[PDB]
Amino acid sequence: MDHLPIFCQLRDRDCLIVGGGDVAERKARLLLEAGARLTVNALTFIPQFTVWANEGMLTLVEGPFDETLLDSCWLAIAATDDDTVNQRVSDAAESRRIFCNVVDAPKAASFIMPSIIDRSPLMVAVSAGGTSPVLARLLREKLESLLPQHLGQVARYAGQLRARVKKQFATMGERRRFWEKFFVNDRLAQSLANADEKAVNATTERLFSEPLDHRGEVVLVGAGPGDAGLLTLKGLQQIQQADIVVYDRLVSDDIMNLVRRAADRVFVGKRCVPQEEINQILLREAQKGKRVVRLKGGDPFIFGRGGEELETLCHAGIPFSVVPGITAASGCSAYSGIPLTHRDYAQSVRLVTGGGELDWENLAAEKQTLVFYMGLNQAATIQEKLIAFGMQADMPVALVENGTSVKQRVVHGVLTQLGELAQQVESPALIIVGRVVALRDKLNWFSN
Amino acid sequence: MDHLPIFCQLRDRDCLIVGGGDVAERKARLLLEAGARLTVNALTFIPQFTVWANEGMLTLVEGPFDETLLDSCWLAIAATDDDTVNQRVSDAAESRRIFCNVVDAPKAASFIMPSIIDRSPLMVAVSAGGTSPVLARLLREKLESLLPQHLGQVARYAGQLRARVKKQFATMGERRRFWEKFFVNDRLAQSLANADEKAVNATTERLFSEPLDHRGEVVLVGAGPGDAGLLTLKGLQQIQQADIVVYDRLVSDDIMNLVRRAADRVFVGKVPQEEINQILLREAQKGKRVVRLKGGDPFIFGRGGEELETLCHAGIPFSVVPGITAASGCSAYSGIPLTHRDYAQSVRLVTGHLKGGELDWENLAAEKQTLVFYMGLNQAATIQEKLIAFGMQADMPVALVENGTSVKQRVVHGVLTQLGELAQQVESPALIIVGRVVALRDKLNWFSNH
Ligand SMILES: Nc1ncnc2c1ncn2[C@@H]1O[C@H](CSCC[C@H](N)C(=O)O)[C@@H](O)[C@H]1O
Ligand SMILES: Nc1ncnc2c1ncn2[C@@H]1O[C@H](CSCC[C@H](N)C(=O)O)[C@@H](O)[C@H]1O
Ligand SMILES: [Cl-]
Ligand SMILES: [Cl-]
């Protein structure tokens with residue numbers, strides 16, 4: 001153990017920063033966030049410091065380092081470019097037994113500032129003693145994605161329920177299992193963050209009244225179009241807490257590798273499976289008291305039949321929520337260099353599927369970006385109908401297969417080639433029609 | 001934040017523990033492992049303090065509390081079962097500006113001792129400030145299974161290489177690129193764990209020999225519509241690594257809280273477009289990792305294309321991270337699915353703000369679609385008038401979602417003949433949704449009613 005981590009209470013304690021540039025501004029913001037009573041001593045200050053000074057959030061002392069500014073200080077930070085000044089600061093702090101950090105020389109003085117993940121009152125700190133700040137960042141990154149943004153409010157509320165938990169749950173083991181489902185309960189975290197004090201109370205007594213091993217809910221999670229980096233933080237957090245994950249073929253294998261190892265997996269994709277068995281599967285797993293994640297390709301509410309699955313759950317009294325995902329159109333647009341809107345090119349974007357028939361007159365109108373989902377089989381018809389209803393023959397068209405994935409393929413041309421272009425791709429694929437398609441020559445940054 | 005975590009260097013620094021029982025023993029063990037010069041002042045001591053005193057590892061002072069023992073100290077710990085004594089210690093420490101922990105009273109005095117995961121020199125500390133020891137324990141145990149034990153040897157080797165990296169690589173960008181490759185080479189980690197110095201040396205020499213991509217870059221990142229949990233994993237990695245983040249009014253404060261503290265932030269709010277272009281260009285040509293952070297999705301009414309065209313003209317590399325557009329976010333969080341079993345064949349994302357141009361109202365009035373108007377609040381009265389005049393039924397359900405996905409989300413709803421009036425009950429940023437799917441809110445709304 002090279003350093004001892006301690007969590008300091010800085011509120012209304014005098015602290016000194018020496019320096020007044022960008023580096024000192026970052027440290028000053030951190031200490032202000034911690035509630036420090038801050039003096040900043042520098043030869044010159046960048047504008048952010050004078051702003052804070054007139055707002056009375058700190059004190060500025062312009063001029064050379066004055067060691068007597070340390071006389072009632074609890075922490076000192078030397079944040080200048082000048083090794084000689086930093087050494088004067090760290091020597092003066094050391095003689096007064098004030099913990100001191102030199103930003104550009106972590107091993108020079110008496111404390112190191114770690115990477116911080118703030119979920120107050122819950123806090124996580126990572127440091128490798130100045131050996132490995134890039135590693136500390138890589139870990140901080142990971143932890144940021146894993147810790148829900150509102151976990152702190154849950155932690156405060158947990159403190160208030162401690163006495164109730166121990167009187168209800170006689171044993172440490174039973175308590176532990178309660179806390180485990182308490183700290184992952186989604187409606188609790190969201191009710192707390194929304195100040196929905198009635199929803200807090202309803203979730204709170206469902207947690208005390210339901211059987212200890214029951215934690216039944218359903219979360220519809222949008223997996224995005226393929227690239228595992230396009231999952232949301234919340235979607236990752238939910239699949240890390242699932243007892244059961246129900247997924248189909250349009251959820252990428254890369255996404256499924258992020259699923260909690262101990263979660264049961266139920267594949268409902270087509271290896272011809274109707275929708276009602278899926279609705280039933282979700283119903284029964286949740287009634288078992290399990291935490292069910294329904295993982296869907298893209299966004300659950302865009303041609304995903306997500307509403308159909310939730311209506312099944314609504315009458316049965318099963319709590320549910322929805323985590324939106326990147327729909328295929330947004331993902332393919334970004335990864336093929338084809339923005340769905342651009343300047344004057346398109347006043348609107350239409351997301352359309354390939355009883356009833358498409359309004360071909362409507363689809364042919366100018367100033368649109370058309371995006372066809374599940375439309376490959378209708379591709380030759382789309383070419384002839386658009387041409388037959390007045391869309392200009394030179395209108396650019398593109399097809400994007402397996403968008404955002406490492407096997408993405410993008411074919412392109414003009415509308416008179418559309419039916420022939422669709423031959424060269426297979427599902428899952430998008431058809432994009434409109435002037436924005438021509439922008440791919442400049443904006444394609446991904447590799448085909 | 002409730003506390004500021006700091007990692008203190010205690011070697012040869014005087015510390016004091018008051019108390020001589022099991023609690024004091026556990027804190028003493030930590031301070032001794034950190035190299036502190038430790039005095040323990042207590043009326044009685046459990047036997048482990050004798051063993052340590054006999055080995056010369058600390059000093060015992062048997063007796064009541066001696067305030068003067070704090071005189072040379074950097075830290076103090078009150079670890080008695082006597083709350084009156086503990087408060088005398090914390091008062092004496094306070095007067096001397098000595099950080100002090102009262103073990104049985106986390107909210108009193110001036111520092112808390114966190115739970116520690118040791119991968120020395122790598123260390124992770126976790127605490128809930130006494131509010132929930134169970135949460136800290138559960139987190140501590142999960143982080144423990146997440147951090148491989150090889151990490152300590154990797155970090156130790158990195159520390160040994162730091163002098164060489166500084167001498168061989170002139171710029172900050174080059175050194176960062178070296179470290180990013182160093183810390184994810186699994187073979188190097190295994191070779192360190194096996195004490196295989198030939199393999200360590202071979203991989204190391206190859207790593208120092210690789211060229212580094214000296215170029216700055218611009219990443220367009222979609223922040224999503226507000227809820228910080230809706231940022232993508234890749235988007236988070238971009239803003240946790242960026243040198244500069246250029247952001248707008250429509251990027252929520254909670255998203256900005258995920259931008260790493262070391263990045264410079266540049267607010268381009270109220271700034272015309274080609275002035276933003278100029279900022280991105282200037283910073284990227286200086287070799288920085290630039291993120292342009294935009295509300296929602298960058299390629300849906302974001303002007304994301306114009307920015308990228310300027311960079312392509314200048315030879316600057318760029319990429320795009322899509323985000324959750326306002327339509328998808330407000331859909332999920334208001335309980336209004338954008339499509340549903342032949343309620344809606346089609347979704348139309350439309351701007352309500354054009355460059356003498358006018359929308360194709362015949363087209364927008366078509367049946368069996370969901371209309372979503374972006375920046376249409378000021379035009380809501382005209383939208384109602386035109387949709388009615390081109391045949392949309394007067395009772396078509398409509399909803400307006402203000403600050404969708406945030407804790408301040410407000411939803412108002414009604415029928416098309418109320419759209420102009422409903423719009424005066426909300427302010428920007430708001431989305432207008434028109435379509436039969438709006439009626440599904442009563443059965444699918446899970447978020448709140450504000
Ligand atoms: N990675 C991908 N690349 C191109 N198209 C995709 C795709 N993933 C899904 N799609 C499209 O979506 C259709 C299935 S409908 C499901 C759509 C999904 N809810 C979403 O939001 O994207 C496929 O036929 C295909 O047209
Ligand atoms: N959180 C939010 N709630 C409601 N509407 C929002 C919103 N965030 C953005 N918008 C809408 O988006 C408009 C700006 S245009 C920018 C849209 C963004 N690129 C996206 O993909 O969503 C605003 O006028 C408002 O209509
Ligand atoms: Cl480090
Ligand atoms: Cl705690």
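These values consider heavy atoms only, across backbone and side chains, with no hydrogens, waters or symmetry-generated copies. A, B, ... follow the sequence lines: proteins, then strands. Residue 1 opens every chain.
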*Decide side chain to side chain contact (heavy atoms under 4.5 Å, CB included) for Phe178(A) and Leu161(A); before the verdict, give the C-alpha distance in whole Å, the side-chain angles of both, and the deciding distance to 0.1 Å.*
CA-CA 11 Å; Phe178(A) 175 84; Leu161(A) 290 172; 5.6 Å; no

*Who among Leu231(A), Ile98(A), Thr131(A), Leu30(A) has the most heavy-atom pairs with chain B under 4.5 Å?*
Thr131(A)

*Begin with the C-alpha distance, continue with both residues' side-chain angles, and end with the deciding distance and a verdict on side chain to side chain contact (heavy atoms under 4.5 Å, CB included) for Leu138(A) and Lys142(A).*
CA-CA 6 Å; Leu138(A) 289 161; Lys142(A) 212 197 210 144; over 6 Å; no

_Option that, when pairs with chain A are counted at under 4.5 Å, heavy atom only, ranks first among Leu440(B), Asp342(B), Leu354(B)_ = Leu354(B)

*Region of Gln149(A) that comes under 4.5 Å of a non-hydrogen atom in chain B*: side chain

_Donor + acceptor pair across side chains of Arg162(B), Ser132(A) (<3.5 Å)_ = no

_Which atoms of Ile6(A) are under 4.5 Å from chain B, going by heavy atoms: the side chain, the backbone, both sets, or neither?_
both

*asked:* At a 4.5 Å cut-off on heavy atoms, which part of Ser72(A) comes close to chain B: side chain, backbone, both, or neither?
replied: both

_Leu258(B) portion near chain A, given a 4.5 angstrom heavy-atom threshold_ = side chain

*Taking every heavy-atom pair that is under 4.5 Å apart, which of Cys312(B), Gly129(B), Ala155(B) has the most such pairs with chain A?*
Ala155(B)

*asked:* Is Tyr374(B) in contact with chain A via its backbone, its side chain, both, or neither, using a 4.5 Å heavy-atom distance?
replied: neither

*Which residue out of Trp179(A), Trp445(A), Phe320(A) racks up the most heavy-atom pairs below 4.5 Å with chain B?*
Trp445(A)

*Identify which of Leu31(A), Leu340(A), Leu135(A), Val154(A) forms the greatest number of heavy-atom pairs closer than 4.5 Å to chain B.*
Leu135(A)

_Among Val349(A), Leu351(A), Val352(A), which residue satisfies the side chain to side chain contact (heavy atoms under 4.5 Å, CB included) criterion with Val347(B)?_
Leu351(A)

_Interface moiety of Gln368(A) toward chain B, non-hydrogen atoms closer than 4.5 Å_ = side chain

_Can you tell me which portion of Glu141(A) sits under 4.5 Å from chain B's heavy atoms? Options are side chain, backbone, both or neither._
both

*So which part of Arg348(B) gets closer than 4.5 Å to some heavy atom of chain A, the side chain, the backbone, both or neither?*
both

*Check the angle between the aromatic planes of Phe99(B) and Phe99(A) and answer parallel, tilted or perpendicular using the 30° and 60° thresholds.*
tilted

*Would you mind telling me which of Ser145(A), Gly307(A), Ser127(A), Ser348(A) has the largest number of heavy-atom pairs within less than 4.5 Å of chain B?*
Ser127(A)

*asked:* Report which part of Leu220(A) has an atom under 4.5 Å of a heavy atom belonging to chain B: side chain, backbone, both, or neither.
replied: neither

*Measure distances from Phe183(A) to the heavy atoms of chain B and classify the residue's part below 4.5 Å as side chain, backbone, both or neither.*
side chain

*Just do the side chain to side chain contact (heavy atoms under 4.5 Å, CB included) check on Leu4(B) and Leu75(A) with the steps written out, would you?*
CA-CA 11 Å; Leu4(B) 183 74; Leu75(A) 283 187; 4.0 Å; yes

_Nearest 0.5 angstrom please: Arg303(B) CZ to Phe301(B) CZ, how far?_
8.0 Å

_Per-residue contact mode, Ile326(A) against chain B (heavy atom under 4.5 angstrom)_ = both

_Any side-chain heavy-atom pair of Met1(A) and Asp118(B) under 4.5 Å_ = yes

*Mind checking the CZ-CZ spacing from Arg97(A) to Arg96(B)? Nearest 0.5 Å is all I need.*
9.5 Å

*Heavy atoms only, distances under 4.5 angstrom: which of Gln9(A), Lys234(A), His3(A) has the most pairs with chain B? Name it, please.*
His3(A)

*What part of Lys367(A) lies closer than 4.5 angstrom to a heavy atom of chain B: side chain, backbone, both or neither?*
neither

*Could you tell me which of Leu444(B), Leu308(B), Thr351(B) has the largest number of non-hydrogen atom pairs under 4.5 Å with chain A?*
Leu444(B)

*What part of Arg13(B) is in contact with chain A, defined as an atom under 4.5 angstrom from a non-hydrogen atom: side chain, backbone, both or neither?*
side chain

*Does any heavy atom of chain B fall under 4.5 Å from the side chain of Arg11(A), the backbone, both, or neither of them?*
side chain

*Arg175(A) versus chain B, heavy atoms under 4.5 Å apart: side chain, backbone, both or neither?*
neither

*Would you give the length of the straight line joining atom OG1 of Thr232(B) to atom CG of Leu233(A), rounded to the nearest 0.5 angstrom?*
7.5 Å

*When only pairs under 4.5 Å are counted, which of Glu367(B), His340(B), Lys443(B) shares the most heavy-atom pairs with chain A?*
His340(B)

*Between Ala128(A), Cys73(A), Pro148(A), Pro133(A), which shows the greatest number of heavy-atom pairs under 4.5 Å with chain B?*
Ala128(A)

*Looking at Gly304(B), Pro322(B), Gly35(B), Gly159(B), which has the largest count of heavy-atom pairs under 4.5 Å with chain A?*
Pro322(B)

*Can you tell me how far CD of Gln237(B) sits from CZ of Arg137(A), rounded to the nearest 0.5 angstrom?*
9.0 Å

*Note, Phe447(B) side chain near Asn194(A) side chain (heavy atom, < 4.5 Å)*: yes

_Side chain, backbone, both or neither of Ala228(A) within contact of chain B (heavy atoms, under 4.5 Å)_ = backbone

*About how many Å separate CG of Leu122(A) and CG of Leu151(A), when rounded to the nearest 0.5 Å?*
5.5 Å

*asked:* More than 12 heavy atoms of other residues, nucleotides or ligands under 6.0 Å from CD of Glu362(B): yes or no?
replied: yes

*Strictly by modelled atom types, are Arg140(B) and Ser115(B) linked by a side-chain donor-acceptor pair under 3.5 Å?*
no

*Tell me yes or no: between the side chains of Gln238(A) and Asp186(A), is some donor less than 3.5 Å from an acceptor?*
yes

*Heavy-atom distance under 4.5 Å to chain A: side chain of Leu147(B), backbone, both or neither?*
side chain

*If you measure from the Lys or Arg side-chain nitrogens to the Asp or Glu carboxylate oxygens, is any gap between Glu25(A) and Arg261(B) under 4.0 Å?*
no

*asked:* Within a 6.0 Å radius of atom NZ on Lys107(A), are there more than 12 heavy atoms belonging to other residues, nucleotides or ligands?
replied: yes

*For chain A, find which of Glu33(B), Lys355(B), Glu306(B) contributes the most heavy-atom pairs closer than 4.5 angstrom.*
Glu306(B)

_Quick check on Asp2(A) against chain B: is it the side chain, the backbone, both or neither that has a heavy atom closer than 4.5 Å?_
both

*asked:* Heavy-atom cut-off 4.5 Å, strictly under: side chain, backbone, both or neither for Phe446(A) against chain B?
replied: neither

